[PDB]
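In what follows, a single structure is set out as structure tokens and then discussed.
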Amino acid sequence: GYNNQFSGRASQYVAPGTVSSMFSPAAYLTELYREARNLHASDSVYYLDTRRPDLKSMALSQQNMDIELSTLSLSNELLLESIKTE
Amino acid sequence: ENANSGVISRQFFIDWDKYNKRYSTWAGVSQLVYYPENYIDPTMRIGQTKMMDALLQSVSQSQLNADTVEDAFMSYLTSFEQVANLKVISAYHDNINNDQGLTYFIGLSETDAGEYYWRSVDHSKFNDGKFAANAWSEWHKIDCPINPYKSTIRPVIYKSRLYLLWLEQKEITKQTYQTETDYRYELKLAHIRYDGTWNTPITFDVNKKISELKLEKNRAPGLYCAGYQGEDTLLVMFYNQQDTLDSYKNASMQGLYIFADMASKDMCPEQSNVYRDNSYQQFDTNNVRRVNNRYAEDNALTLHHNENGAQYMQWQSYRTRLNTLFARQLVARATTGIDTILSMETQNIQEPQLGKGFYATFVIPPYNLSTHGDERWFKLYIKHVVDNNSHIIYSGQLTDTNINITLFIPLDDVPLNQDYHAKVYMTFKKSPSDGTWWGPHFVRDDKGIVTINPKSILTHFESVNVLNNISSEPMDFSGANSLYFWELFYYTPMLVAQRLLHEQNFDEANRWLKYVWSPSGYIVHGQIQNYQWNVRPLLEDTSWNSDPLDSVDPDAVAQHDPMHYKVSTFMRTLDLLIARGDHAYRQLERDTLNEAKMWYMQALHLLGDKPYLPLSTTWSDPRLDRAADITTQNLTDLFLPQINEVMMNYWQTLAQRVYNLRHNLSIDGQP
Amino acid sequence: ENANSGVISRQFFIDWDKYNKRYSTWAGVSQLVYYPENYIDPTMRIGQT
Amino acid sequence: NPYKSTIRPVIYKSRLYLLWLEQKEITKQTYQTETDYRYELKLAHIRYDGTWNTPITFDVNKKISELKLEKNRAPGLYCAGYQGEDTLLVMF
Amino acid sequence: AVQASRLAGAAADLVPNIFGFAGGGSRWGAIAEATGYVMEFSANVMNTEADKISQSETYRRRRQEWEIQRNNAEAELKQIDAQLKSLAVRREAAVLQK
Amino acid sequence: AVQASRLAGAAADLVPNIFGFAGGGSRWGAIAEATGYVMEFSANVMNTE
């Protein structure tokens, strides 16, 4: 069959579209963030960690990939928590 | 305001605009690197040979029949044979030092008004004693007219552009009233243009300079061509032929200067003496033809034409085949047609050996950490009693199994030691240092039989055997002609099968695709054959490399690891079976739907058991802050590889199609 | 697991994939051998001069 | 363009080859002007597509001049392919 | 075949053809003429070949347009039968009105 | 390529080719013939394009 001829390149595959796969959009977020987190010095006001602190604590989960919430609620949640924090 | 200029210079942001800015492009690039078989299309390929481009457009039409495709293949084979029989004349080495640079070859086809082809090879890509297959370039036809005297043509590189000098000779008459004859000689220079056409040859009068050379009758003057470092001048020198370099030390060097505008000047004798005493090692004696370097102010590369017909280049222990006598042996196989050309016993046609030497088989001991160490690398080194440095001849990783390695071991022309003629020794992480007797020493007698010196110690070889009865080796799918051999044995059947699929000539497509691989097996002379795949490099490469090639071309990466080509053929067999089932299913009568079912069931057991994939695993929903550091330890460190989405799709469509055949729907699922 | 290699070498299983696997192809081959006049088309012929 | 229809096929390495003798006419000075001939054996072979390769000239003037031919007589040309060794035997 | 023929004639032409007190007569340009003839013939053969391919693609596009037409005719045929079914009812209701 | 080929043949043709008591033999028209061949070929290539 296929498996006993062409298995062996990897010890554990995963399903198409799951979060844990290296082509998932989570993997693209992580890979992009690794390079992006350094474009400015820490002290600059344009530093990403300063500009969007919650993004750095974002969980990578199937939950955050599947649930299609409204964006405007997320913009309200972000401005609101910044105001209550300040 | 100001991004960190160091961070922007990273490769990730140079590739930004092309691949990484859009998620879909990034995913496509990453799968095209990791899963080449999805994006391999036999119709178009980078680096396609000109005769395969003749083939594709010749076979591209609405109606394909057995005779049409057979004739298209016989015309392809004619082109291939013509480009394989040609022999090299001369070469030039582009760089002052032999380690780097390029080497340009000139080759003549066996025809009366000869056609001349130029080929280039790369020394940088050469390593571990074997030229990489991609280093070699395909032959290119030379368009300008060439009519040299005694095949006195010599390429040269000037200002990084290719130039050709060849000496033409013509015959003219003298009055003495008795009538008499004599010759005149015209050196001609041409060069290539950016579009690969050739500029018109410019004549240079050399009659004085040749007449100063008291040539023997029907002897070609020694012509030396070299491009000067720094000054943009072509050095062209004429020298009298001599049997030894020791004689060139005082040869009366004729020559002339040639400048970028193709003006010329003569040499002063004083300049010629200097250019001589520097370059004389490069002069081709009557016995052997040397390769020129760029001029300078550890033997040269060399071309030997062996008596058995092997042409081989030499510059160290290293020897390399240039031409292949495959096409001259193929005619017997071709007399019985296509089914015999492609067969496995064509691919084992023998190549004559190159140079003087012997064959030896080395059996590599198993992995054994106490005699091995942690690093699994090992290197085979040769040494010759010239007592130069050693040279690497093979490099590999120690397996737990043995490895059987059969090597051609060069032997020098002259036995500069009486007790042994070569030393081979085995080096590895645990014991990288060599020992005086700690490898097989080989010696040859007068009758030419090679034997292992009993004084030598074989303890860390599992076995060494000398195959004294063997004077040939298998056709080489990694040598110079590797591109043409992959062009014929594998690409051509797959291209033909692909074209026949679109024309719905399934019966002819099945046999054409069956040439490369057949699950039923192969029968020869009335006996069933053990092998399953008809192509030797697919049969021999049985598992992927420890790492792939990182390259955004699917075909070079599949060429580096031909286990991928096996999947591409498998997937084209499934494409054929599904299309045949759909075609039968299009007729809704009772009998035909049972043919549709047996076609789908046939592809079903080939695919086999659909893999089960545990829905949740070790992956733990980490913080993005953590995944960034886990991945940046210098993504597979934390993200797992997915199963090929196309192979998954074959199981989805086959199961749904059989579901309709079982439930009496149609193919669009309507009752 | 293992078919008899002698039986597979028979001509009937060499012709399998081309003619004998489908009943319609087998019937067509057998009539084309036994009744040539049906399949003789003057327009095209093998070995045409 | 053979002399006196001196053409003879031969098989070599299972491929078809043709030998034919061409003859040409050339002039000699003796200041009286005189004539004599020269002979050029030519070999061609077929390709896989049924086209014919270009004929390759072989100089036979010595070998024919050793044969004291009668005037306007075609030399006996014998062509045969050797078993084992891949050589064309060409004999006059 | 034409490439081999022109190369053979070119090579056979460079030998001299007049003898005695006058010599030579070999046309020096024959190799360049043969390369010109074969390279200008090449353009014509590529035009013929490209025209064979373009004719083939034409016949294929025409056949696909006959699928669009045949499917349109079949759909119109299929809807007429249902029109007849509706009229068969409408007639049953008119008999019932009687 | 054809333009270079025809110019090269024309230039190589003007040298004399018979010698001894008879001289010359160089066809004087070769340059005009080459300009004619390349300029009539040009029309065909523009039609193809």
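Residue numbers (the working numbering), protein chains in the order written: chain G, 227 to 312; chain F, 904 to 1574; chain W, 306 to 354; chain Y, 843 to 934; chain P, 1178 to 1275; chain X, 6 to 54.
By construction, the Cβ of each residue, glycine as well, lies at the ideal position given by its N, Cα and C atoms.
*Who are the neighbours of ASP1046(F) on chain X, taking C-beta pairs under 9 Å?*
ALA6, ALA9 and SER10
_Please report whether the beta-carbon of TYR1214(P) lies at a distance below 8 Å from any beta-carbon of chain F._
no
*Proximity test, Cβ basis, 8 Å: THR929(Y) and chain F*: no
*Have a look at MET1170(F) and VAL1139(F) and give me their C-alpha separation to the nearest angstrom.*
9 Å
_Limits of the unbroken beta strand (DSSP E) element including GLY1201(P)_ = 1199-1201
_So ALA13(X) contacts chain F; which residues on that side make the cut at Cβ distance below 8 Å?_
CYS1047, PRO1048, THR1103 and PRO1104
_Range covered by the beta strand (DSSP E) that runs through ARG1022(F)_ = 1019-1025
*Would you grab the beta carbon distance between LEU1204(F) and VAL1194(F) for me? Rounded to a whole angstrom, and I think it's under 8 Å.*
4 Å
*Which residues, in order along the region 321-333 of chain W, keep a beta-carbon less than 9 Å from a beta-carbon of chain F?*
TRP321, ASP322, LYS323, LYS326, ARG327, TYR328, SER329 and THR330
*Nearest-angstrom beta carbon gap, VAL1024(F) and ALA1038(F) [assumed within contact, 8 Å]*: 6 Å
*Can you pull the DSSP bridge partners for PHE1331(F)?*
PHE1281(F)
*Do you know offhand how far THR875(Y)'s Cα is from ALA1093(F)'s?*
43 Å
*Using a cut-off of 8 Å between C-beta atoms, extract the partners of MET977(F) located in chain Y.*
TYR890 and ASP891
_Spatial distance of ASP1164(F) from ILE1095(F) (CA atoms)_ = 15 Å
*CB of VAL1234(F) within 8 Å of CB of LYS855(Y), strictly*: yes
*Checking contacts by CB at 8 Å: is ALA37(X) closer than that to chain P?*
no
*For the alpha helix (DSSP H) containing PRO1396(F), list its first residue and its last residue.*
1395-1405
*Can you tell me the Cα-Cα spacing of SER247(G) and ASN1552(F), whole angstroms?*
17 Å
_Interface partners of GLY34(X) on chain P, CB under 9 Å_ = Chain P residues near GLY34(X): none, gap ~12 Å exceeds 9 Å.
*What is the DSSP secondary structure of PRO1268(F), counted as helix, strand or coil?*
coil
*asked:* So for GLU1251(P), helix, strand or coil by DSSP?
replied: helix
*If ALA1499(F) sits next to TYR1488(F), beta carbons under 8 Å apart, how far is it from one beta carbon to the other, in whole angstroms?*
4 Å
*Same chain only: Cβ atoms within 6 Å of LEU1257(F), ignoring 5 sequence neighbours per side*: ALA1213, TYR1215, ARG1222 and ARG1224
*Should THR1006(F) be labelled buried (16 or more other beta-carbon atoms within 10 Å of its own) or exposed?*
buried
*How long is the line joining the alpha carbons of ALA994(F) and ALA906(F), rounded to whole angstroms?*
51 Å
*At a Cβ cut of 9 Å, what residues of the region 1230-1252 of chain F count as close to chain Y, listed as they run along the chain?*
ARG1231, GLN1232, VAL1234, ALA1235, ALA1237 and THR1238
*Grouping DSSP H, G and I as helix and E and B as strand, with all else coil, what is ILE345(W)?*
coil
*Going straight from the alpha carbon of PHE317(W) to that of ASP1242(F), what length do you get?*
19 Å
*Using a Cβ-Cβ distance under 8 Å, would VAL1470(F) count as near chain G?*
yes
*What is the residue span of the alpha helix (DSSP H) that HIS1566(F) lies within?*
1548-1566
*For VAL852(Y), which of helix, strand or coil comes out of DSSP?*
strand
*Between the Cα of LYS1117(F) and those of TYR1142(F), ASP1098(F) and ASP1444(F), spot the shortest distance and give me the residue it belongs to.*
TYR1142(F)
*For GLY1202(P), return the contacting residues in chain F, with the cut-off set at a CB-CB distance below 9 Å.*
Per Cβ cutoff of 9 Å: no residues; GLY1202(P) is ~11 Å from chain F at best.
*For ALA1016(F), go through chain P and note every residue whose CB falls closer than 8 Å to its CB, in chain order.*
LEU1184, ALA1185, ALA1187, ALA1188, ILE1208 and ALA1211
*C-beta atoms of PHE1162(F) and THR1136(F) nearer than 8 Å*: yes
*What do you get for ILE911(F), buried or exposed, if any count of 16 or more other CB atoms within 10 angstroms of its CB means buried?*
exposed
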